[PDB]
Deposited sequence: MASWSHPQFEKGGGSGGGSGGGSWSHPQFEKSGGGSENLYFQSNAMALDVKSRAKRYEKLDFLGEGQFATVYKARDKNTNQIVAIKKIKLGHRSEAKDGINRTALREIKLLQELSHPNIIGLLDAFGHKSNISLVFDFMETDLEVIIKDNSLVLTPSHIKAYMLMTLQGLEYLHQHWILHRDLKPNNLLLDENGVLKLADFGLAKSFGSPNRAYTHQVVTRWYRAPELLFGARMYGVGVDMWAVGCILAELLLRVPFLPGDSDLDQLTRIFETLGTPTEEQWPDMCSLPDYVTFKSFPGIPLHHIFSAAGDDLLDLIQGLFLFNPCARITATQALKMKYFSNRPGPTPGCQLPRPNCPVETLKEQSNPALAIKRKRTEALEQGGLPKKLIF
């Protein structure tokens, strides 16, 4: 049915093969002997149960989910590269229009996801795949969870401060902080807050953006894994991003607000001034490719 064409990669959870319309077959691993009586892995089941109810051009789609015995294989579309490779590539130049287009695609996908009450929870530059037509699509829905009804978190480099402080219940703010970190990485071509641990990540965040008081984060001590910090002044935003405009600076400030409720959402961000300014976002055909 699907002849294997090439080997793509292998992670802790599953192994991906490029097969023949060219598609990608991700086969989950049986796991250790302590995870042999659990049948089908919960990550693949989550991907199936969440990808069969969404249909958006900026969300990865499950073409098929054929399996045999206890092994299950998920069929996704084939993507040429991802945003992490674009960030780490030194041969190309990331103009402001390219960053605007990437942010627009990510925010449209996030808006569609939040309309149906789903949190991606794993937003990273390598989780934003790019196809041959230059269309960004969110992927790795193994951590996605539906929210709205009253510890799987993204890596510390993009973890929101509420997640770093151990927030059990949260809204769309965590994805908003993650996409803000992605924007900062796009601008500076480097991990904006490359912490070595959770405490180091919090220290770097508070040094780069300033430790907020109760006037900016009304509820701080309520979180269980909360530690008090020194009053770091915080580097001014325009000093960090010298080539950024005032509208882009306002968008970054909104994306990096320490109050998740006051932090701008996908809908609020999409209609902001930055995306409506000049020039317009780059068309997908002209986006850089490594």
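Colleague: Which bits of the deposited sequence have no atoms placed for their C-alpha?
Modeller: According to the deposited record, C-alpha coordinates are absent for 1-55, 76-80, 211-215, 356-391, which together make up the missing parts.
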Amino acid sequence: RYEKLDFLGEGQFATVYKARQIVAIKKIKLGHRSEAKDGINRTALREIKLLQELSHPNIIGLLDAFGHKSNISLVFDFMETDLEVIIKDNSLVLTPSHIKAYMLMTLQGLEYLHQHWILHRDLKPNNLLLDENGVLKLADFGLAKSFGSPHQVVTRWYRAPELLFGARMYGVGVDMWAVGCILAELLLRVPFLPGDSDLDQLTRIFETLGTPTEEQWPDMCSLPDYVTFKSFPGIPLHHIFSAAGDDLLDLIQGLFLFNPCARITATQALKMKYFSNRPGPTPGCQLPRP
From here on, numbers count along this sequence of modelled residues.
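Under this definition, the rigid core comprises the largest set of C-alpha atoms superposing within 1.5 Å between the forms.
Colleague: To spell it out: superpose each other structure in 4 other deposited structures of this protein onto this one by the rigid core, compute Cα RMS over structures and residues for 250-258 and for 65-73. Which is larger?
Modeller: Of 250-258 and 65-73, the stretch deviating more in 4 other deposited structures of this protein is 65-73.
Colleague: Superpose by the rigid core: which stretch, 281-289 or 4-12, shows more Cα shift in 4 other deposited structures of this protein?
Modeller: With the rigid core fitted, 4-12 is the stretch that strays more in 4 other deposited structures of this protein.
Colleague: Is it true that at least a third of the other compared entries have no coordinates for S34?
Modeller: Missing in at least a third of the others, so yes.
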